[PDB]
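Q: With the input below, show me the fold.
(chains A and B, ligands or ions: 1)
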Amino acid sequence: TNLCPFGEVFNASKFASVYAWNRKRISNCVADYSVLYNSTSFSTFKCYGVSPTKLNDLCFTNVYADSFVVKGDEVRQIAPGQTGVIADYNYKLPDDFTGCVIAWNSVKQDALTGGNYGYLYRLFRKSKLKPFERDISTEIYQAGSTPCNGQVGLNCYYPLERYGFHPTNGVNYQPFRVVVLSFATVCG
Amino acid sequence: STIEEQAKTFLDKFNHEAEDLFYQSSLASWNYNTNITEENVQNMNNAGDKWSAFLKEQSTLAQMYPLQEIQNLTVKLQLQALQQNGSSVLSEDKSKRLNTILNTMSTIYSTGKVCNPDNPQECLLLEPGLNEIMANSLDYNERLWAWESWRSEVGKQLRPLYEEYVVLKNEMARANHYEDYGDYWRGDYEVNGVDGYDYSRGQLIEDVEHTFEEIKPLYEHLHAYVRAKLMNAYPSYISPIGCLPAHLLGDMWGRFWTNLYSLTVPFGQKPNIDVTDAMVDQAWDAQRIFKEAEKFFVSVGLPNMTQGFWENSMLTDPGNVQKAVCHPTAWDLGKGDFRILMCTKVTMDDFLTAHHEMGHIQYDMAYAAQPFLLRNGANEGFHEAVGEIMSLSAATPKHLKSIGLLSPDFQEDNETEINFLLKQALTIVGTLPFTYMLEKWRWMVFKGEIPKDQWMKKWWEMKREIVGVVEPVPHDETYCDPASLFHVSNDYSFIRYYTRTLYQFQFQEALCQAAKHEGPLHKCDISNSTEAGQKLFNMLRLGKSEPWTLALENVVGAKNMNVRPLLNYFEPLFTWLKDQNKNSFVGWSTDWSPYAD
Ligand SMILES: [Zn+2]
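A: Numbers count the residues shown, from 1 in each chain, chains lettered A, B, ... in the order given. Structure data below:
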C-alpha cells in the first residue's frame, strides 16, 4: 500500500553523533528487505535475532531504525551484550535483540584531511545505559570526591569528547556509519 | 573515589586527547621530512610546540595522583612516565642555556667543515666528505689529517659547551633524585616492585662489565688479526704489539671496523655474495623489495602491512623538486598510520635494511593495542635488536635462494662462511669495546670520577687500555674528542648499542631453535617458520607493559643479558682466528704511540 522509507535512512547525507543517535519509526508500510543485501558495500551486516529472508514473509508490529557514526574499533560494540565506551555510555542494544546491525566505511564522507571533529561520543558516565537509552546531558562529570560547580578541573571532566577522523588512519580509527534495524502492519 | 580509580580516569582522558595531538605532530613532522619547505618547517614546529606543551600541562596534573597510592602496576607505570617533570625542574633562566647549548652543539656538528691544506679551494663537510675519506682512503697522512682536523677544528668548539652541558644536565638529574646524569640514563633499564624481575640502575654497570669480560678473548684475537693485516697496508707506521692508530680504523671514530674488510678479508679469492646484480636483471623495484620484505613476515604468521601503509609511505625518491631526509626511518604516527620512509635504491644492502625497518613496523603494530603511554619497545635496546635479527635471517645464502636472488650454482664451502663471519665481526664485534668505553667514560664524567683537567687524558687512556686504540697526535684538555661523535654532542645515550647487540643473538638463538634449525646459527633463517613468529609476537605485543626482564624471558628463557649466544654465533670464526694468530701477538701495550713527543 505504502513504501517504507528505509532509503532516506540509509541514503541520508548527514548522520548523528553516536551519543545522540537518531531513531526513525517505520510503521504501516511495506518495503524490500533484499535491497539491503546485494549492496556489497556493507562491511558489516549481521542480524542478531532474525533472518533476512524470513523478514519478507513476516509482518512486524514495530520497525525502528537507528543511525549514527562510530570508529572502526567500535562497531563491534554495536552488538548484543558487549562492553565498551560506546556500548555502555553511548548506544546499548539489548540481550534479547531481534534485529540487524548494518555498517560500512565512510572515510569518503566523514574524514577530512587535517581534521574532522563534528562527531562526538560520551567518554564518562555515572552508570551504564539501559538498552536503547539516549543520554544527551552536557553536564560535568565528577570523577573526584570534590564537587565541580559546573567548572572543569581536577577530576572534573566534560563528558563529551571529539572524534578525530583523518583519511590516513588505519581502518582501526576511520569513520563508519551504522544502522540498527529493530523489530502487524509493516509487511514485505 | 580512591586515588587509583581517579588516576585511571585521568589516564583515560589523557589517552584520548594525546592520540590526536600526537597524531597532529607526527602528521606534520612527516611533511617537513618529505617536502622540506620553509613553510612545512613551521607547520611542524607549531604542531610539536602544541604537543610538547600539552605533555607538561599533563605532567604537572599527573603528580596529584601519587604512585605511593597506586597498586595496579600498568596504572603506576603510565603515571610514572607522565609524572617525570623532566628538564623543567630548573629555573627558567637555566633551561634557556641548556636548550641553546644542545642546539648550538648540534648546529656545530652538522655544519662543521674542514678545508685541506694543499687545496683550500675544496672544503669538506663530515656528512658526505670526510666520511668518504675515513671509509676508503689508504693514505696514512690524509686519514691522519681528516681525523685530526675534525677533532681540533670542530671538537675544540664543543669543549666549552660540553662542560656547561654537563654542569646543567647534572642539576636536572639530581633534582629528579638521580645521583648523576649517567644514572638518569641508566633508569631506562630500571625495574621495581615485581618479584624475581626487579632490576636496579646500578645493576647495569656490573652486567655490562661482567659481560664485556667474556668478549675480550674474541676481540683480542680479532684485534691481533686485523693489526697484522693493517701492518701491510701501512708498513712503517704500525707496531705489531702496539694499539691501533685511531685514524686507520675504517671511519671517523672507529665505531665500526666495517670498512676494513678488503684490507682484512680472510679468503679474498672467493667471490663475495652481493645480489645487487641479480635484482636488476629480474626487474625489481622498491615496490618489490618492500613487497618481498612483507612476504618474509607473513611466512612466520605476522600480519601484512596495512592498506594505508602502501598508500602513504615514501618508498622511492621523487628527488629534484621535493627534498626528503633519506635516512631510513620507521614511523608510528598514531591512529593506525604506520609508514616507512626510505629512499630505496635497488641495492641488496638496502633490501636488508628494509627488513630491518619493517621489523620495527611489525613491532610497532603488535603493541599498537596497548595504552598510549605503554607504546614502545621493552627497553631502549629492544627495538633496534628486533630489526637486526631480520637482516641476519634474510642475508643468509639459504634465504637468497628461496626468493631467487642467489644462484643455485653457489658453493657454500667453509671459506665463504669465514668470509661472511668476519665481515660481521668487523661491525658487530668491533663496536662493542668502542661502545662500552664511550658510556663508561661518560658515566664517570657525570659521576665526577674524571676532572676537567683529566678529561682527554683519561679518554685516550681508556682508548688504550679497553679498546687497543691510540691517538696519532697527542691531545690536551683543549680538545674534546667524545663530542666529535654524533651521539655525544646530541645528548643521546649510547649503551643502547651494546645491549642491543647482545639481545639480538639471544633472540636469534631462540627463534632459530623453534624453527628446528640444525646447523650453525649463522645460517639460520626463521622464514616459513610460524612457530618462530608466535614466540616473537608474544614478546612484541607486550610493549613496555611488562618489565623488560620478563619480555626477554618470554623469548629466550632468561632474565638477563647473556653473552654465551654472541660468542656462539662467531665461534667458527673465533677458532679460525686463534690458529691464524699462533705466531702473531695477541694483546697490546698501553704505552706505545705513533709519535715522538
Ligand atoms: Zn632501525
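Q: need the contact list for residue B:596.
A: For residue B:596, the set of contacting residues under the criterion of CB atoms under 8 Å, 6 or more residues apart in numbering or on different chains is empty. Where you see a C-beta, it was placed from the backbone N, CA and C, and this is true even at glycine.
Q: In terms of helices and strands, where is the nearest residue in space to residue A:18 that is not next to it in sequence?
A: For residue A:18, the nearest residue in space outside its immediate sequence neighbours is residue A:68; the separation is 4.3 Å by CB to CB, 6 or more residues apart in numbering or on different chains. Assigned by DSSP states H and E, residue A:68 falls within strand A:63-71.
Q: quick one: contacts of the next helix or strand after that strand?
A: Toward the C-terminus, strand A:63-71 is succeeded by helix A:85-89 as the next helix or strand (DSSP H and E). With CB under 8 Å, 6+ apart as the contact definition, helix A:85-89 has outside contacts at A:18-19, A:70, A:74, A:77-78, A:93, A:121-125, A:128-129, A:135.
Q: if you set the cut-off to 7 Å instead, what comes out?
A: Applying CB atoms under 7 Å, 6 or more residues apart in numbering or on different chains, the set of residues contacting helix A:85-89 from outside is A:18, A:70, A:74, A:77, A:121-123, A:125, A:128-129.
Q: distance between whichever strand or helix holds residue B:419 and the chain's centre?
A: Using DSSP H and E, residue B:419 maps to helix B:414-424. From the chain centre to the centre of helix B:414-424 is a distance of 23 Å (CA atoms, centre = their mean, to the nearest Å).
Q: how about that helix as CSV, C-alpha atoms only?
A: Provided in CSV are the C-alpha atoms of helix B:414-424 (Å, rounded to 0.1, in the frame of the first residue of the first chain):
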residue,chain,number,x,y,z
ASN,B,414,83.9,-23.1,4.7
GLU,B,415,85.8,-20.2,3.2
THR,B,416,82.8,-18.3,2.1
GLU,B,417,81.4,-18.6,5.6
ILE,B,418,84.5,-17.4,7.4
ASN,B,419,84.5,-14.5,4.9
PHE,B,420,80.8,-13.9,5.9
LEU,B,421,81.5,-14.2,9.6
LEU,B,422,84.5,-11.8,9.5
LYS,B,423,82.6,-9.0,7.8
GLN,B,424,80.1,-9.5,10.6
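Q: List the buried residues in that helix.
A: Within helix B:414-424, the residues that count as buried by 16 or more other CB atoms under 10 Å in any protein chain shown are B:416-424.
Q: for the residue nearest to residue B:410 when sequence neighbours are not counted, what are its contacts?
A: With CB to CB, 6+ apart as the measure, residue B:397 is the residue that lies nearest to residue B:410, at 6.4 Å, once sequence neighbours are left out. With contact taken as CB under 7 Å, 6+ apart, residue B:397 is in contact with B:273, B:406, B:410, B:412.
Q: which one is the first one nearest to, not counting chain neighbours?
A: Counting by CB to CB, 6+ apart, the nearest residue to residue B:273 once its immediate chain neighbours are dropped is residue B:397, at 6.4 Å.
Q: residues near whatever residue of chain A ends up closest to chain B, how many?
A: At 1.9 Å from chain B, residue A:170 is the closest residue in chain A, using CB to the nearest CB. Other residues within reach of residue A:170 by the criterion other CB atoms under 10 Å in any protein chain shown amount to 20.
Q: Show the contacting residues for it.
A: So residue A:170 contacts B:306, B:308, B:335-337 (CB under 7 Å, 6+ apart).
Q: Sort out for me which of the residues you listed are in strands.
A: Where the contacts of residue A:170 overlap with strands, as defined by DSSP state E, the overlap consists of residue B:337.
Q: What residue in chain A comes nearest to the ion?
A: In chain A, the residue found nearest to the ion is residue A:170; the distance is 21.9 Å by CB to the ion.
Q: try the stretch 251-400 of chain B
A: Here the stretch 251-400 of chain B gets closest to the ion at one residue, residue B:387, 4.5 Å apart by CB to the ion.
Q: rewinding a little: what does the residue of chain A closest to the ion show for phi and psi?
A: Backbone dihedrals for residue A:170, given as degrees, to the nearest 10, come out at phi -70, psi 160.
Q: Same list, the buried residues of helix B:414-424, but as TSV with distance to chain A please.
A: Compiled in TSV, the buried residues of helix B:414-424 are given as follows (distance: CB to the nearest CB, whole Å):
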residue	distance to chain A
B:416	44
B:417	43
B:418	46
B:419	44
B:420	39
B:421	41
B:422	44
B:423	39
B:424	37
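Q: Help me confirm that residue B:562 comes into contact with residue B:506.
A: Yes. When contacts are counted by CB atoms under 7 Å, residue B:562 is listed as touching residue B:506 (5.4 Å).
Q: which of the residues in stretch B:559-567 are buried?
A: Of the residues in stretch B:559-567, those buried by neighbour count under the rule 16+ other CB under 10 Å are B:559-563, B:565-566.
Q: Let's see which of those end up in helices.
A: Using DSSP state H to define helices, the subset of the buried residues of stretch B:559-567 located there is B:565-566.
Q: okay, the buried residues of stretch B:559-567 in CSV with distance to residue A:108 next?
A: Formatted as CSV, the entries for the buried residues of stretch B:559-567 read as follows, by distance: CB to CB, whole Å:
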residue, distance to residue A:108
B:559, 51
B:560, 52
B:561, 51
B:562, 52
B:563, 55
B:565, 51
B:566, 53
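Q: Residues of the stretch 251-400 of chain B that sit close to chain A?
A: Among all residues of the stretch 251-400 of chain B, those adjacent to chain A (criterion: CB under 7 Å from any CB of the partner chain) are B:306, B:308, B:312, B:335-337.
Q: again, only using 8 Å
A: Proximity of the stretch 251-400 of chain B to chain A is assessed by CB under 8 Å from any CB of the partner chain, with B:306-308, B:311-312, B:335-338, B:368 identified as the residues in range.
Q: Report the two of the residues you listed separated the most.
A: Within those, two members stand farthest from each other by CB to CB: B:311 and B:368, at 18.0 Å.
Q: out of those two, which sits in the more crowded spot?
A: Between residue B:311 and residue B:368, residue B:368 has the larger neighbour count (other CB under 10 Å), namely 17 against 10.
Q: is it fair to say the more buried one lies in a helix?
A: Yes. When classified by DSSP: H, G, I helix; E, B strand; the rest coil, residue B:368 is found to be part of a helix.
Q: what about the residue nearest to it when sequence neighbours are not counted, neighbour count?
A: In space, not counting the residues next to it along the chain, residue B:368 is nearest to residue B:375; the distance is 6.9 Å by CB to CB, 6+ apart. Per other CB under 10 Å, the neighbour tally for residue B:375 reads 18.
Q: follow-up on the earlier one: the residues of the stretch 251-400 of chain B next to chain A: which ones sit near the ion?
A: Among these, no residue sits close to the ion (CB under 5 Å from the ion).
Q: In PyMOL, how would I pick out whichever of the contacts of helix A:85-89 are buried, leaving the exposed ones unselected?
A: Only the buried entries of the contacts of helix A:85-89 go into this PyMOL selection, using 16+ other CB under 10 Å:
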select buried, chain A and resi 18+70+74+77+121+122+123+125+129
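Q: Sweet, I'm off.
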